[PDB]
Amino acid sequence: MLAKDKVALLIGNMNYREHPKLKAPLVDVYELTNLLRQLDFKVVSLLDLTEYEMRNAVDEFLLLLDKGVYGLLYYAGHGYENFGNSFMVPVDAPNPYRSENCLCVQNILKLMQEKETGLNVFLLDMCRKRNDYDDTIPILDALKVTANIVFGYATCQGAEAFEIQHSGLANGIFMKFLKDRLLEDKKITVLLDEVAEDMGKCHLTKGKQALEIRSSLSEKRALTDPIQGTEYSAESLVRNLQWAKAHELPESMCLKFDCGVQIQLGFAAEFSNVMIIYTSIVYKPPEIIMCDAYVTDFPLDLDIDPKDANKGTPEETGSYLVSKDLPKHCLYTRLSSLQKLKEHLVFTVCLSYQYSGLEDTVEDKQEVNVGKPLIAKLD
């Protein structure tokens, strides 16, 4: 079995403004993103999206999809279910909230089917209880009989999905078990079934949470199926190239200051909407005794806290996922909410120095523009 393309959208929502906050979607999404990439999926991973952002991300995902393409959606965050319809709850939902504030998974399925995907996979790592404030009784249109649909729900209808309250890293229950199986060369339905068995052995979740699989898939399609890669339309290749650009951060640039010092500006991706910037004092003409380099003046859209920027360790920025994957001895800054970027990312590298003999500090600073960062390119 071969797939014309494999494409995944992964969303983790943790920091709700009007509802309890979550911790593990960041690990779940990060680790799943990596496993999917090992299977050659073109993946977009996004943290903490609003309703508007979630819809836009879905619109981008849909653009990738084409006849024969395997599409996968993974969601870790708050959700609800009314009348067998699954809804994803964005971080900007009010309390209480209604369906119009959320995204209905089935509608996404309908749109995917309109693209003639070869496989539709939904992994919904969220609660499935009712939202009683939402009183609407939607007449969702009947889906076409694709025979390509697989739902892996972290929990059963009417029940809850969980993560572990452990300080430091810990997956949610679903990912805890999924990640050990995900790379298996098996029909995705069978794989999920093994996953359901693994979860059943969890004492902590017994009687509270169990995987539910819903499938109408009539062919031996596996996540490990090879990409055919022969029939791309030119428009697709450009879309693929654009996706690759979103996937790739700007390469590091060496900044030359008028006073002759050089600073290394380095970039790392945590998610498609989360970048880490690091700076280091690579070079000094001797005449200058002391050097200080630091970053600032970010776009407001990013809502970056200067208290939380220019840190000794990546860990200090709220970047726990990437470390020791980053050059040591560098200031670190975490740019999250990259999707909120109206204008090319522009910021300021500032430098403070004293010359040997001279005793007064000098202040020089230059605007760097990497322009669009990651996901932002997509539009």
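Just count from 1 along the sequence shown to find any residue number. We call the rigid core whatever largest set of C-alpha positions still superposes within 1.5 Å between the two forms.
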Stretch farther from shown form by Cα RMS in 8 other deposited structures of this protein, picked from 28-36 and 61-69 after core fit, is 61-69
Quick check: by Cα RMS after rigid core superposition, does 13-21 or 361-369 differ more from this form in 8 other deposited structures of this protein? 361-369
Checking the other entries of this protein that model its neighbours, is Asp292 missing in at least a third? no
Other entries modelling both neighbours but not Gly79, at least a third: no
Report the stretch with the higher mean CA temperature factor, choosing between 34-42 and 316-324 on the basis of the entry. 316-324
The stretch whose C-alpha atoms carry the larger average B-factor in the entry, 285-293 or 78-86, is 285-293
Highest Cα B-factor in the PDB entry belongs to which of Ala244, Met126, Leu223, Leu143? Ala244
Checking the entry, which one of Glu60, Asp28, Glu53, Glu343 has the top C-alpha B factor? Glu343
Going by the recorded CA B-factors, say which third of the chain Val7 sits in, lowest, middle or highest. lowest
Sorting the chain's CA B-factors, does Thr189 end up in the lowest, middle or highest third? lowest
Tertile call for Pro306 (CA temperature factor, within chain, third-based) is the highest
By the record's CA B-factor, is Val105 among the lowest, middle or highest third of residues in the chain? lowest
Divide the modelled residues of the chain into thirds by Cα B-factor and specify which third, lowest, middle or highest, holds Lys256. highest
